[PDB]
Amino acid sequence: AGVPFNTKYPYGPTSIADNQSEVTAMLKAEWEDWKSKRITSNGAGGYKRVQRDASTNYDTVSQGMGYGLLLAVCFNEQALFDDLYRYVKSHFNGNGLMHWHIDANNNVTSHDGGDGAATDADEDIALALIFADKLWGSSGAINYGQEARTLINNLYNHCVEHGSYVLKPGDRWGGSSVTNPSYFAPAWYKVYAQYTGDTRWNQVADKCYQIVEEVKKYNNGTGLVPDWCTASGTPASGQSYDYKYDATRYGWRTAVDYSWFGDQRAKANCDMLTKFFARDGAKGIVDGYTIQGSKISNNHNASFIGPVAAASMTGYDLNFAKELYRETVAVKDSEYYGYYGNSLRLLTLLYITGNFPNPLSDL
Ligand SMILES: OC[C@H]1O[C@@H](O[C@H]2[C@H](O)[C@@H](O)[C@H](O[C@H]3[C@H](O)[C@@H](O)[C@H](O[C@H]4[C@H](O)[C@@H](O)[C@H](O[C@H]5[C@H](O)[C@@H](O)[C@H](O)O[C@@H]5CO)O[C@@H]4CO)O[C@@H]3CO)O[C@@H]2CO)[C@H](O)[C@@H](O)[C@@H]1O
Ligand SMILES: *O[C@H]1[C@H](O)[C@@H](O)[C@H](O)O[C@@H]1CO
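Along each chain, numbering proceeds from 1 in written sequence order. Entry numbering may differ, and residues lacking coordinates are not shown. Following the order in which they are written, the chains are lettered starting with A and the ligands numbered starting with 1. Only hydrogens and water are removed before side-chain values are computed, so all heavy atoms of the structure are retained for them. Residues with missing side-chain atoms are left out of burial classes, side-chain pairs and their counts.

Per the PDB record, this model was obtained through X-ray crystallography at a reported resolution of 0.94 Å.

Moving on: the overall build of the protein. When helices and strands are tallied, the protein shows 12 helices and 4 strands. The C-alpha atoms of the protein give a radius of gyration of 19 Å, which matches the 21 Å a tight globule of 363 residues would have. Projected onto the principal axes, the alpha-carbon positions of the protein cover approximately 50 × 50 × 40 Å. By definition, residues are in contact when any of their heavy atoms lie within 4.5 Å. When contacts within the protein are restricted to residue pairs at least 6 apart in sequence, long-range pairs at least 24 apart make up 66% of them. Only runs of H or I of at least four residues qualify as helices and only runs of E of at least two qualify as strands under DSSP, and these elements are numbered from the N terminus. With the radius of gyration taken over C-alpha atoms, the globule rule is written as 2.2 Å times the number of residues to the power 0.38.

What follows covers the packing of helix α7 (residues 200-215) against helix α9 (residues 264-278). In this analysis, axes come from line fits to C-alpha atoms, helices being fitted only over the stretch in contact, and the angle between any two N-to-C directions falls in the range 0 to 180 degrees. Where α7 contacts α9, the two axes come as close as 11 Å, and the packing angle between them is 30°. In this view, α7 runs roughly parallel relative to α9, as classed from their interaxial angle. You can see that α7 and α9 cross each other, and the crossing is left-handed. For the pair formed by α7 and α9, the contact residues are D206, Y209 and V212 on the first element and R265, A266 and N269 on the second. Counted by class, the contact of α7 with α9 contains 3 nonpolar, 1 polar and 2 charged residues. If an angle is under 35 degrees, it is roughly parallel; if it is over 145, roughly antiparallel; if it lies from 65 to 115, roughly perpendicular; otherwise it is oblique. When the near helix sits turned anticlockwise from the far one by under a right angle, the crossing is termed left-handed; a clockwise turn instead gives a right-handed crossing. When residue character is reported, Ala, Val, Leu, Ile, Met, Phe, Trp, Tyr, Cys and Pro are called nonpolar, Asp, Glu, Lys and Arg charged, and the others, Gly included, polar.

With that settled, consider the site of ligand 2. Proximity criterion: a residue is near a molecule or strand once any of its heavy atoms comes within 4 Å of it. Taken together, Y245, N299, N301 and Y337 form the complete shell of residues around ligand 2. The separation between an oxygen atom of ligand 2 and a polar side-chain atom of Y245 is 2.7 Å. Computed with a 1.4 Å probe, the accessible areas rest on the Shrake-Rupley method; for each residue, only the protein chains presented here act as cover. Coverage of ligand 2 by the protein chains reaches 45% of its 310 Å² of free accessible surface. Per-class residue counts for the shell around ligand 2 are 2 nonpolar, 2 polar and no charged. In the analysis that follows, any N or O atom pair within 3.5 Å is treated as a polar contact, provided that within protein one partner can donate a hydrogen and the other can accept it, and provided that, for residues neighboring in sequence, both atoms belong to side chains.

The next point concerns the pattern of salt bridges. Definition used for salt bridges: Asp or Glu carboxyl oxygen within 4 Å of a side-chain nitrogen of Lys or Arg. Summed over all chains, the structure comprises 26 salt bridges. A salt bridge links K295 to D280; the shortest N-O distance between them is 2.7 Å. Here the residue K295 occupies a position in the loop between α9 and α10 (305-312), and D280 occupies one in the loop between α9 and α10, the gap between them amounting to 15 residues. Among the charged side chains, a salt-bridge network with shared partners connects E30, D33, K37, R38, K332, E335 and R345.

Let us look at the site of ligand 1. The full set close to ligand 1 counts 21 residues, and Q63, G113, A117, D120 and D246 are the nearest of them. In the model, an oxygen atom of ligand 1 is placed 2.8 Å from a nitrogen or oxygen of the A117 main chain. Protein burial of ligand 1: of its 1,000 Å² of free accessible surface, 68% is covered by the chains. The class makeup of the residues in the shell around ligand 1 is 11 nonpolar, 4 polar and 6 charged.

Right, let's get into unusual backbone geometry. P4 follows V3 through a cis peptide bond whose omega is -10°. Here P4 shows up in the segment before α1 (20-38). Although it is not a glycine, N19 sits at a positive phi angle of roughly 60°. Take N19: it is sitting in the segment before α1. The residue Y165 is not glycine, and still its phi comes out positive at about 70°. Relative to the helices and strands, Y165 resides in the loop between α5 (144-159) and α6 (186-196). Per-residue accessibility, obtained with a 1.4 Å probe over protein chains only, is compared with the maximum for each type, and a residue is labelled buried under 20%, exposed over 50%, and partly exposed between these values. Under the relative-accessibility criterion, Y165 is labelled partly exposed at 27%.

Moving on, we get to the nonpolar core. Each nonpolar core is a collection of buried residues, namely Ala, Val, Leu, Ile, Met, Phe, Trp, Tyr and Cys, held together in the definition by side-chain atoms within 4.5 Å. Counting 120 residues, the largest nonpolar core has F81, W188, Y189, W201, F277, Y351 and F356 as its most contacted members. Sort the elements by how many residues they give to this core and helix α4 (residues 119-136) lands first, with 10 residues. For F81, the contacting residues outside a window of four places in its chain are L69, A72, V73, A128, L129, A132, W136 and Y144.

Here we come to the side chain of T24. When you line up the elements, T24 lands in helix α1. If near-sequence neighbours (up to four positions away) are discounted, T24 is found in contact with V3 and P4.

With 18 residues, α4 should cover 26 Å at 1.5 Å per step; its first-to-last C-alpha distance of 26 Å lies within 8% of that length. The element α4 is largely enclosed, with a buried count of 17 among its 18 residues. Where α4 ends, the next residue or the one after it, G137, has phi of about 90°, a positive value. Each residue after the first adds 1.5 Å to the expected span of a helix.

In this fold, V108 is placed in the loop between β4 (101-102) and α4. For the pair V108 and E30, spaced 78 residues apart in sequence, the C-alpha to C-alpha distance is 30 Å. Setting aside residues up to four positions removed in sequence, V108 forms contacts with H91, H99, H101, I102, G114 and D115.

Dropping the structure here:
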C-alpha cells in the first residue's frame, strides 16, 4: 500500500523523474525526515499534530494537518494518520471544520480568528480521508468514509457561496468579494462529486476556472494567479494581489486535474504558468512576482520550485519538466523555515514522481 503506488496517471506523464527505485528510496527518506521534524505529541491532546517551525514557535495550522494527513496516507502510515485525525477532530469548530490556528500548547488563537476554518485545509483533510477509506478501509478505529462524507457536506454548506458556487476562503468569510485561487482544487471537487454523489461540486470546479479566466485579463499572458482576488479576478481589498506564498500552490492543485481527469482548462493554465517560468529556467524561480511577471522578491526556495515542477506535468516542455524535478529535489529549505516549503516539496514530489494517483482509481 502507498508509495510506490506503481500507478499511471491517465493523462500526461507517469513521472518526470528517472530511475524509479532510486526515486522511491528518496521519497521514503524525505518522509522519514519530514515525520521526525514535523510530527509531535507535545500539545497534541493525547494524539499527534503537525507543527510548524521555529519561525512561528511550533504552532499548528489546519493546513499542516491537511498536508500531514495526505503525506501519512500516501506513505502507508495508518497509526500516525489516525492520531493526526484525532487531533483534527478535537479541533472541529461549530460548523464541523477545523480551527485554523492553534498554539503549541493546544490553545486556539483568539487574536486572528483561530477558531474559524480555512477552506484549503479542510479540503485537503477531506481528500486524505478518501484516500484512507480506499487504501485501508473504514471498518477500524476510524470510519474514514463517514468522516469524509461529514466533512465534505460541511465544506459545501459553509465554504461554497450559494448560487454562484464561488469557493469561500473560510467557513465564515469571503466569497465573491475575496477568495484565494491557490485554494481552487477542481480535481478534489470532482472526486467529492463522484465519491458522495453530490454533483454540485462540479459547478464549484467550473466556477474556479471561470475566476482564473477573469484573472487572465490582468496577468499579461504569464499564467500567474494572485494570492487573493474577487470573483471578477480583480484585487481583494487589503489582500495581496501578487503571486507569492499562497499563489504558488495553484499550479500544483491545477496540474493534478489534468493528470487525473484530462481537464484541458488545467493544461492550458499550467502550460502558460510553466512557460512563464521557462523564461529564467529552473534555477531562476524566485519567491514573489506581480501577476504581470515582475519580480518582487528574489529567494530561491522550496515554496516555489516543486509547484512549478507540478505545473510542468501538463506538457509545455518535458525537458524543462525534468530539470524542474531535479531542482525540486536539490533545494531543501533550512530548518528554521522548514515547515512550509519543505511540505510543499514533499507533496509535489509525490505527484511528479507518479505517487499521487486519484484515490477513486485502482490503487
Ligand atoms: O479576516 C478574515 C477572516 O480571517 C480568518 O482567518 C483566516 C486567516 O486570515 C488566513 O490567514 C488563514 O489562511 C491559512 C491558510 O490555510 C493557508 O493556506 C496559509 O498558509 C500559509 C502558511 O501557513 C505559512 O507558513 C506561509 O508563510 C510564508 C509567508 O507567506 C512568507 O511571507 C514567508 O517568507 O515564508 C513563510 C513560510 O516560511 O504562508 C502560507 C500562505 O499564506 O495561511 C493560513 C495558515 O497559516 O485562514 C484563516 C481562516 O480562514 C478568520 O478565521 C476570520 O474570523 C476572519 O473574518
Ligand atoms: O518568507 C520568508 C522567506 O522565505 C525567507 O527567505 C526570508 O528570510 O524571510 C521571509 C519572511 O519570513
